[PDB]
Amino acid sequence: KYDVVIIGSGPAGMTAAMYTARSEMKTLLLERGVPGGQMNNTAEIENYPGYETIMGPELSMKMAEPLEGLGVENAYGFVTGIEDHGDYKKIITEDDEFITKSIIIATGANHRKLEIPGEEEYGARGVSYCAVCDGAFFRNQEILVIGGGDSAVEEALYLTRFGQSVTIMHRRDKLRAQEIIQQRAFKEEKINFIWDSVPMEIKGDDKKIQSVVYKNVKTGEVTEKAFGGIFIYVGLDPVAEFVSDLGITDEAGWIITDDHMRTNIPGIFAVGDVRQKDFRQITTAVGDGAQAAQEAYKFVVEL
C-alpha cells in the first residue's frame, strides 16, 4: 500500500522523504516527536555546508518545511515493531498498523547512560543529557560535563553562557573532539578540565545534586567535588528496538547495511545515525538518506 514508509524525521529521514516524494512514491514519514531529531537538541551548527551558523531547531524547521508541499504524508507514530511478509511489510505503532512496499529506517541514536549511583535519582534536578534543553536551569552554577568527544566539548562551550564555570571530565589525557572545538575549549576561560578521570557517584540531598565522586584512571586517586549540574555525553546507543528480532543488527544493536543503505531484508533500508558506522554527522545523514530514497525507488519499480 505505501510505496515507502520512513521511520524517523531527523535529517536522514527528512532527506529520504523529500527524495521519495520527488520520485512521486506514496510516502509516509512517521515521527514520535518533533521533526529534526538530534538537531533539535543542538545549539549552534557550524559545519552544515550551505550555512555559516544556524541554530539546530531552525535547521530542523527549514528541513521539515517543504515536505507537506511535496506530498509527503507526515504522521505522528511511535514504532514498536516491523514484520517482513515477503512482498510487503507491516509497521506497528502504539495504535496503528501500516502496510508498505519498502521501509527506510532513520531512527538515530540515544545518549548512553553512565549507570552510576545518583544518575537516575537526580534525573530531574541536576543530571541532564541535553544542554540546550536544560542549560538555563544552571545559571551561575558550577557545571560538570562528562565525556571527551564532539558533544561533550561543544555542549560544554555552549554551557559557559550559563554556568559560573564548566568542567569537562574525560577518562583520558587527549580529547576525541574535532581539534577546532578542542582549541576553543582550551582557550575559553570559563572551561576547566579534569583529565584521566571517570565519575563514580553522583551525590546530593533530597532535592538536588551537590557533588560528584570520581576516580583517576591512572592512579585510582578518588576525589569528591561540589557541582550544581552534571551533563553526560559519553557516547551513543542505537535506537532500533523495533527490529531486534529481524536479524539486521550487530551485537551492539546498530543496523548493518551495505553501501547502498540495504539491510539483509530486501526493501528494508537504514540511514543515518542508527546504522553501524563511525562518522555521525548531519552531512552523512543527509547523504545516506538521499541514497536510501534512490534505492527504494529502484526496489519498488522492480517489485
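Each residue number is its position in the shown sequence, starting from 1. Definition used throughout: the rigid core is the maximal C-alpha set that superposes within 1.5 Å between two forms.
- Item | RMS CA shift, core-fitted in 6 other deposited structures of this protein, bigger for 230-238 or for 246-254 | Between the two stretches, 230-238 moves farther in 6 other deposited structures of this protein.
- Overlaying the structures in 6 other deposited structures of this protein on the rigid core, point out which of 175-183 and 86-94 has the bigger RMS C-alpha shift. Between 175-183 and 86-94, greater C-alpha deviation in 6 other deposited structures of this protein belongs to 175-183.
- Message: Mean CA temperature factor from the deposited coordinates, higher in 187-195 or in 133-141?
- Response: Higher mean C-alpha B-factor: 133-141.
- Using the B-factors recorded in the PDB entry, average over the C-alpha atoms of 245-253 and of 56-64, then report which stretch comes out higher. Of 56-64 and 245-253, the stretch with the higher C-alpha B-factor average is 245-253.
- Query: Of the choices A75, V213, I146, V217, which one's C-alpha carries the largest B-factor in the record?
  - Reply: So the option with the highest C-alpha B-factor is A75.
- Using the temperature factors in the entry, find which of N47, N264, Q276, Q38 has the highest value at its Cα atom. Reading the PDB entry, the winner on C-alpha B-factor is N264.
- Query: Among the chain's modelled residues, which third holds the C-alpha B-factor of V300?
  - Reply: As the PDB entry reports it, the C-alpha B-factor of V300 lands in the middle third of its chain.
- Task: Could you tell me which third, lowest, middle or highest, the C-alpha B-factor of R171 occupies within its chain?
- Result: Ranked within chain, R171 CA B lands in the lowest tercile.
- Once the chain's modelled residues are ordered by C-alpha B factor and cut into thirds, is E31 in the lowest, middle or highest one? Tercile = lowest for this residue's CA B-factor.
- Query: Looking at the C-alpha B-factor of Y233, is it in the lowest, middle or highest third of its chain?
  - Reply: Lowest third, going by the recorded CA B-factors of the chain.
- Item | Relative C-alpha B-factor of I91, binned into the chain's lowest, middle or highest third | It falls in the top third of the chain.
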